[PDB]
Amino acid sequence: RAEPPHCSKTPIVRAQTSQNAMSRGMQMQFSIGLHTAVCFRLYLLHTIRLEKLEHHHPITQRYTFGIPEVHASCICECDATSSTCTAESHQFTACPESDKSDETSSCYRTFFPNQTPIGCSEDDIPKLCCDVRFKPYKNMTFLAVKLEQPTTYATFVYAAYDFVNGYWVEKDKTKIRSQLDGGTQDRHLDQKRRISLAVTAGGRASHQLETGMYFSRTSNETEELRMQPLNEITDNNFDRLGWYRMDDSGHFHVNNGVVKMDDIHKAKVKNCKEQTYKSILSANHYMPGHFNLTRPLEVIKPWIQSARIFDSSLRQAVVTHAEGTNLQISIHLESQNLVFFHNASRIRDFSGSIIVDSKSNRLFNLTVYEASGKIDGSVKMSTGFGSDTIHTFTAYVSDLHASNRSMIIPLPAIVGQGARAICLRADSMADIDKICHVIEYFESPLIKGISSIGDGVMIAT
């Protein structure tokens, strides 16, 4: 089923290599676009596609966490002297092993003395004792990451095709990786080692990464990165995510539960006789009724196509830029001949919206339908088709066969507020075939749960 990608139309600059006190070469220069292909023959058709643009993720931090289901059972002791409900039994301690009860559950004890004698004697000052219980909710698991900090890599796809009796044959197929932050990077591409690919970036890549705490769900296994107030590994804010953390075994616990439990659990006696009390947790991100989540970055951030932990090793996260600037290529060889070829373009329909994202990115979130090759856009003044052109663009769809693709089109500041018309036309298409639509403009800017014990009192009088 071997097939070449749409060979884009690219101007080629002939440069001459400098010389030493020896034996008069030449270099073929061109600017390749992200998600487009370049084709040439050596005088076996050679193709290079700038497939992926990635910023690296690591700096370190990593920790699995969950969402806890909290339940607190208490008991009152009317006589302040009593052996039942004491500082040694309740203050800073986990309720000792039940032997039958769930392994997933995690409990902590808190001591509430100096009570009011309600349903008691006027002189004796009561005391309250509680078991705060925590278990994972819906078995929800997430990795917390201190997230992508850019290093930039380009991923190219080199394929050499041959036309053997009516059909194309993918002879050689490699993945080329080149670091974009330094000077030119050079390597051979073909097995014959005759040709060399030289990649050079103009400056920093189109878009940028924020430094902070991120996370995504785990399926017992990385997913689309989300952003919601989350704790750095060394921090333990109860109003932010990750205070309910998973250790090695898969057991979830409250981060420094023992010690902190008394600062976050607050209970007062309602009536010591009936064994009634007012209870709450001074925290967030717990069940019941204290947990929702932020949508993936992909969804909220137009400049982001995808942001995911790369694999099972959980060492790097890959941020795929919605679109990126072109890269500078030079193809060099001894002394022979190079000819560059190009295919043509087609387009059924399109859809999209003009967006200024939270990180101040002005782009056209374009989606093409049954399209291939070089596609030319024209952003118009007003909603009226035929109004004055304010920007002109060209997108390159790499699929040989007309397919549906989604892309990011950087726009100048002239493409200001309000809805407007945009007209797309493929290459060499008559102005009758030109699709127009009015496109929309969007812009992003920059409690007490009272319960009666239930378990009954074992110590009445």
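Conventions we followed
- Residues numbered from 1 in each chain as written, not as in the entry; some residues may be left out.
- Heavy atoms only, no water.
- Helix = DSSP H or I, 4+ residues; strand = E, 2+ residues; numbered from the N terminus.
- Rg over C-alpha atoms; globule rule 2.2 N^0.38 Å.
- Buried < 20%, exposed > 50% of the residue type's maximum accessible area, 1.4 Å probe, protein only.
- Areas by Shrake-Rupley, 256 points an atom, 1.4 Å probe, with all protein chains shown as cover.
- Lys, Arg positive; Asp, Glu negative; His and termini not counted.
- Charge placed at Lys NZ, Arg CZ, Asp CG, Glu CD.
- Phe/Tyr/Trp six-rings, centres within 6.5 Å; stacked < 30°, edge-to-face > 60°.
- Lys NZ or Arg CZ within 6 Å of the ring centre and 35° of its normal.
- Domains from an automatic or database assignment.
- Disulfide = S-S within 2.5 Å.
- Core = buried A, V, L, I, M, F, W, Y, C linked by side-chain atoms within 4.5 Å.
- Contact = heavy atoms within 4.5 Å.
- Arc of directions from axis to C-beta.
- Pairing = 2+ DSSP bridges.
- Axes fitted to C-alpha atoms, helices over the stretch in contact; angles between N-to-C directions.

In its metadata, the entry names cryo-EM as the structure determination method and reports 22.20 Å as the resolution.

### Notes on the overall build of the protein
Across its full length, the protein holds three helices and 29 strands. The C-alpha atoms of the protein give a radius of gyration of 32 Å, which is well past the 23 Å a tight globule of 461 residues would have. When the backbone C-alpha atoms are referred to their principal axes, the protein occupies close to 105 × 60 × 45 Å. Every one of the 461 residues in the protein was classed for burial, and the buried ones make up 46%. Carbon and sulfur atoms make up 49% of the accessible area of the protein, which totals about 24,000 Å². Of the charged side chains in the protein, 49 are positive and 50 negative, and the gap between their average positions amounts to 7 Å.

### Considering the packing of aromatic side chains
For the structure on display, the rule yields 14 aromatic pairs. Ring centres of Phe 163 and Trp 168 lie 5.3 Å apart, and the angle between their planes is 70 degrees; on these two criteria the pair is classed as edge-to-face. Overall, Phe 163 belongs to the partly exposed group, its relative accessible area being 49%. On the basis of relative accessible area, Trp 168 is assigned to the partly exposed category, the value being 31%. An aromatic cluster of three or more residues is present, and its members are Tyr 108, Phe 134, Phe 238, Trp 243, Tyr 244 and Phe 252. If you follow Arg 245 out to its NZ or CZ, it ends over the ring of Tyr 63, 4.1 Å from the centre.

### Regarding the domain arrangement of the protein
Under the domain assignment, the protein is made up of domain 1 (13–56 + 151–204 + 317–341), domain 2 (62–144 + 225–294) and domain 3 (349–443). Summarising the inter-unit geometry, the C-alpha centres of domain 2 and domain 3 are found 55 Å apart.

### Some points on the state of the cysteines
A complete count under the given rule lists seven disulfides for this structure. Residue pairing for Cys 74: its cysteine sulfur links by disulfide to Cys 130, the two sulfurs lying 2.0 Å apart. The sign of the 110 degrees torsion about the S-S bond sets the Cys 74-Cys 130 disulfide as right-handed. You can see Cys 74 sitting in strand β5 (residues 62–77) and its partner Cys 130 sitting in strand β7 (residues 127–146), a full 56 residues away along the chain.

### Details of the nonpolar core
Of all hydrophobic cores here, the largest spans 25 residues; its most connected members are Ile 32, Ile 48, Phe 156, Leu 197, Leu 327 and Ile 329. If you list the elements that add at least two residues to this core, you get β2 (27–32), β3 (37–42), β4 (45–55), β8 (152–163), β11 (196–200), β19 (327–332) and β20 (338–341). The element contributing the most residues to this core is β8, with four residues. Residues in contact with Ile 329, not counting those within four places in the same chain, are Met 28, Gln 29, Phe 30, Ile 32, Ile 48, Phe 156, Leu 197, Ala 198 and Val 199. Among the nonpolar cores identified, the runner-up in size contains 24 residues, and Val 368, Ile 375, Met 407 and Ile 422 belong to it.

### A few points about helix α2 (residues 257–264)
Buried residues of α2: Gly 257, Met 261 and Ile 264, and no others. The buried residues of α2 occupy an angular sector of 80 degrees when the element is viewed end-on, so they sit on one face. Against the buried residues of α2 lie β6 (106–113), β7, β14 (252–254), β15 (265–271) and β16 (276–281).

### Description of the environment of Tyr 43
You can see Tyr 43 is positioned in the loop between β3 and β4. C-alpha separation for the pair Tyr 43 and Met 26, spaced 17 residues apart in sequence, amounts to 14 Å. Look past the residues within four positions of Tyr 43 in its chain and what remains in contact with it is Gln 336, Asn 337, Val 339 and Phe 341.

### Points about the sheet that holds β16
Ordered in space as β15-β16-β29, the three strands form an open sheet in which the pairing is antiparallel. Edge positions in the sheet fall to β15 and β29 (451–452), since each of these pairs with one other strand and no more. Bridge count between β16 and β29: two bridges; the pairing is antiparallel. Residue pairing in the sheet places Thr 276 in a bridge with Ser 452 of β29. Sitting on the sheet, α2 touches β15 and β16, and the angle it makes with β15 is about 55 degrees.

### Comments concerning the side chain of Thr 141
Positionally, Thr 141 belongs in strand β7. Setting aside anything within four residues of it in sequence, one finds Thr 141 in contact with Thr 64, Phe 65, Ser 216, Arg 217, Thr 218 and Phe 252.

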